[PDB]
Each structure stands twice: as structure tokens, then as C-alpha cells.
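Notes for the one structure printed next.
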Amino acid sequence: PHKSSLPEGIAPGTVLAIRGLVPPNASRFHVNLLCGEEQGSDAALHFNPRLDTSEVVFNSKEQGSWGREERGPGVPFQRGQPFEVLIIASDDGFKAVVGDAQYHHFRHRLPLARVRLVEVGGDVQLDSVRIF
Amino acid sequence: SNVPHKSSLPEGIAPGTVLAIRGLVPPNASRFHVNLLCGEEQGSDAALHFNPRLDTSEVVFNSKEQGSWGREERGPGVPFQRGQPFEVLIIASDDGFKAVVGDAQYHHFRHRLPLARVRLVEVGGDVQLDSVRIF
Ligand SMILES: OC[C@H]1O[C@@H](O[C@H]2[C@H](O)[C@@H](O)[C@H](O)O[C@@H]2CO)[C@H](O)[C@@H](O)[C@H]1O
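Same order as they appear, the protein sequences are chains B and A. Each number in PDB author numbering comes from the position in the first sequence (counting from 1) with 3 added on. In terms of PDB author numbering, the second sequence has 69 at position 69, counting the first letter as 1, and numbering is strictly consecutive.
As C-alpha cells, this is what we get:
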């Protein structure tokens with residue numbers, strides 16, 4: 004599980020840039036923006052491409068319980084295919100950009116000022132992870 | 001070559017706006033520019049003038065208000081090469097514009113004009129543009 008600590012937090016204008024490739028037999032992977040380094044920390048954002056169910060799920064997690072799921076359209080990911088993702092923070096929410104096209108806008112549910120860690124988990128091959 | 005290139009933003013940009021510019025610096029390039037301007041008319045103020053100079057091996061940053069340029073800032077060396085493709089992000093925050101070149105933070109240009117005045121992106125000079133996208 005690829006971890007990037009952000010002890011000074013993030014603000015509008017933060018860009019998480021991820022490049023990689025969906026393994027040919029992958030089921031699902033996810034990117035979490037978490038509010039602490041401890042296990043079970045709240046998730047300001049959970050971005051969950053799902054190759055098995057042909058879904059992309061966005062959610063938040065508070066005191067261990069998942070919120071209301073949001074879904075983007077279809078699935079701009081393919082097993083065996085490379086991808087490019089941007090998750091961009093603004094004052095209003097997180098903009099998920101896939102393949103050089105705006106994909107979904109997830110409005111803030113928890114305070115952005117609480118985020119302290121980026122975590123990329125699941126079945127994915129990471130070529131590059133950067134926070135600008 | 002897709003230059004001169006213009007992207008109108010009549011409603012403006014805000015913190016979290018990302019300008020993504022990909023292209024090739026062609027073999028005999030001297031310099032190119034990315035401008036964030038405050039209107040469509042000629043001589044509009046420049047909130048940001050980003051000026052990679054291949055011929056003098058520097059990158060200049062500046063602003064322009066009422067026809068007058070500010071004091072130039074310079075990044076650390078030229079992260080562009082003649083004959084080489086590039087990817088630039090110009091990222092707006094509450095504090096300024098972050099310039100990212102090829103997967104690394106290159107320079108932070110503090111706002112001199114209010115971000116809320118920007119209404120147009122122009123790209124031109126000695127570059128062969130692949131794409132300009134605003135997220
Ligand atoms: O919603 C984020 C959270 O989802 C869990 O799976 C969902 C899924 O959409 C479906 O099986 C159904 O709605 O139930 C679950 C929510 O109760 C994942 O297991 C978890 O890791 C997160 O991705």
C-alpha cells in the first residue's frame with residue numbers, strides 16, 4: 004500500500020498526480036485521502052475504480068462507517084491498459100481527471116484541512132505518484 | 001503548430017484551477033510564453049507571463065499592469081530543451097501560481113494581480129503545441 008505522508012496538510016491548489024497500469028487480472032484499486040496516520044482514520048475521499056463491477060465509486064468514511072456512494076459514468080479504466088489520473092483540490096471539492104478529461108466532481112464532505120495522508124491500495128501498478 | 005493559442009475563461013479561474021500544456025520545443029526555438037491575461041483586448045494586464053528562454057537558458061516570470069511590466073523573477077535553470085517534448089502544469093492556489101515541469105515543482109510565483117481578474121490563457125512563441133487543457 005503506497006503511502007505519501009502530508010503532515011502539513013493540503014489546500015485548494017493541491018494536485019495529486021498518479022500514473023500507472025491496471026494489471027490484466029485486477030479486480031479493483033483505490034486512492035484514499037485520509038485524515039491521519041492511524042489505522043481507521045477518516046477518509047475525506049475514497050476513489051475506487053472497480054474493474055470487476057465496471058464501476059467507479061467515490062465515498063467518504065467517518066468514524067469507520069462509509070457514507071453515500073457516488074459514481075462517475077461508466078469506467079475509464081481497462082485491465083492491461085495504462086492510465087493517468089489527477090485528483091485536484093479546490094475550495095468546493097475534489098476534481099477527478101482521468102485520461103485528460105474531467106471525470107467527476109466530489110464535493111467536500113469532511114474538511115479538506117483534515118487530510119494528512121495519501122494512500123494508494125488495491126490491485127494496481129504505479130509508475131508515478133506526485134503531490135504538487 | 002497550434003500557435004498563437006487562446007483559451008477564453010470569461011467566468012474566471014479560482015484556486016484549484018490547473019492549466020496543463022504539453023508540446024514540443026522545436027529544434028531552433030528561441031523562447032516561448034504562456035500568459036494569463038485579464039481580458040481579450042490587446043494590452044490586457046498579465047497576471048502571469050511565463051517565459052522559457054532557450055536562447056539565454058533561463059525562465060522568466062513576470063506580470064504587467066496598465067502596460068507596465070513588473071520586476072522579473074527567474075526559476076532555477078531552463079527545464080526545457082530544443083528537440084524535446086515537455087509537460088507543464090500551471091496550478092492556481094490562494095497564494096500564487098505553481099509551475100510544474102516534467103513531474104517536478106519548478107517555481108512558485110506569488111500573486112501580484114488578483115487571481116479573480118484572469119479571463120484568458122494565451123500560448124505562443126517558438127513551440128509546437130500538443131494540447132492545452134484547463135481543469
Ligand atoms: O463505498 C465504499 C466502500 O465500498 C465497499 O463496497 C460496497 C459496494 O458498492 C457493494 O458491494 C455494496 O454497495 O456494498 C458495499 C458498501 O456497503 C468496499 O468493500 C469498501 O472497500 C469501499 O470501497
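By construction, the Cβ of each residue, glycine as well, lies at the ideal position given by its N, Cα and C atoms.
Would you say the beta carbon of residue 2 of chain B is closer than 7 angstroms to some non-hydrogen atom of ligand 1? Because chain B in this structure spans residues 4 to 135, residue 2 of chain B falls outside the shown range and cannot be described.
So, at 7 angstroms on beta carbons, what are the nonlocal neighbours of B/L36 in its own chain, with the 5 sequence-adjacent residues on each side left out? In the first sequence, counting from the first residue as 1, residue 36 of chain B sits at position 33. Answer for B/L36: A46, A47, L48, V118, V121, listed in chain order.
Identified DSSP bridge partners for A/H108: For the purposes of this step, residue 108 of chain A is taken as the residue at position 108 of the second sequence. For A/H108, which the question treats as bridged, DSSP gives the partners A/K98.
Got a sec: is the Cβ-Cβ distance from B/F50 to anything in chain A below 8 angstroms? Numbered from its first residue, the first sequence carries residue 50 of chain B at position 47. For B/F50, the answer is no, since every Cβ of chain A falls outside 8 angstroms of its Cβ.
Under the rule that 16 or more other beta-carbon atoms within 10 Å means buried, what is B/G67, buried or exposed? Your numbering for residue 67 of chain B matches position 64 in the first sequence. Classified as exposed, B/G67 has fewer than 16 neighbouring CB atoms from the shown chains inside 10 Å of its CB.
May I ask which residues mark the beginning and end of the beta strand (DSSP E) holding A/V34? In the second sequence, counting from the first residue as 1, residue 34 of chain A sits at position 34. Start and end: 32–37.
What in chain B is Cβ-close to A/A46, meaning under 7 angstroms? Numbered from 1 along the second sequence, position 46 holds the residue referred to as residue 46 of chain A. Simply none; closest approach about 20 angstroms.
Just checking: is the beta-carbon of A/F61 within a distance shorter than 8 angstroms of some beta-carbon in chain B? Within the second sequence, residue 61 of chain A is the residue found at index 61, counting from 1. Using beta-carbon distances, A/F61 does not count as an interface residue toward chain B, since no partner is under 8 angstroms.
Closest to A/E65 by CA distance: which of A/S131, A/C38, A/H5, A/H33 is it? Sequence index remark: in the second sequence, residue 65 of chain A carries index 65 (1-based). Selected option, being the one with the closest Cα: A/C38.
Cβ shell of A/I91 (< 6 angstroms), same chain only, five flanking positions each side left out: Taking the second sequence and counting its residues from 1, one reaches residue 91 of chain A at position 91. Residues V18, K98 of the same chain have their beta carbon placed closer than 6 angstroms to that of A/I91, with the five preceding and five following residues left out of the count.
May I ask you to list, following chain order, the residues of the segment 26–47 of chain A that have a beta carbon less than 8 angstroms from some beta carbon of chain B? Residues: none.
Does B/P79 come within less than 8 angstroms of chain A when only Cβ atoms are used? Here residue 79 of chain B refers to the residue found at position 76 of the first sequence. At a cut-off of 8 angstroms between beta carbons, B/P79 makes no contact with chain A.
Partners in chain A for B/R133, counting only beta-carbon separations shorter than 7 angstroms: On the first sequence, position 130 is the one that residue 133 of chain B refers to. Near B/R133 (Cβ distances below 7 angstroms), the residues of chain A are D103.
N- and C-terminal bounds of the beta strand (DSSP E) containing B/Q128: Here the question's residue 128 of chain B lines up with position 125 in the first sequence. Note, B/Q128: beta strand (DSSP E), 128–134.
Where does B/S63 land, buried or exposed, given buried means 16+ other C-beta within 10 angstroms? Taking the first sequence and counting its residues from 1, one reaches residue 63 of chain B at position 60. Residue environment: B/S63 is assigned as buried (16 or more neighbouring CB atoms within 10 Å of its CB, all protein chains considered).
Evaluate A/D126 with the Cβ neighbour count: other Cβ atoms within 10 Å of its Cβ, from every protein chain shown; 16 or more gives buried, anything less gives exposed. Numbered from 1 along the second sequence, position 126 holds the residue referred to as residue 126 of chain A. Looking at its Cβ environment, which holds 16 or more other Cβ atoms inside 10 Å, A/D126 is buried.
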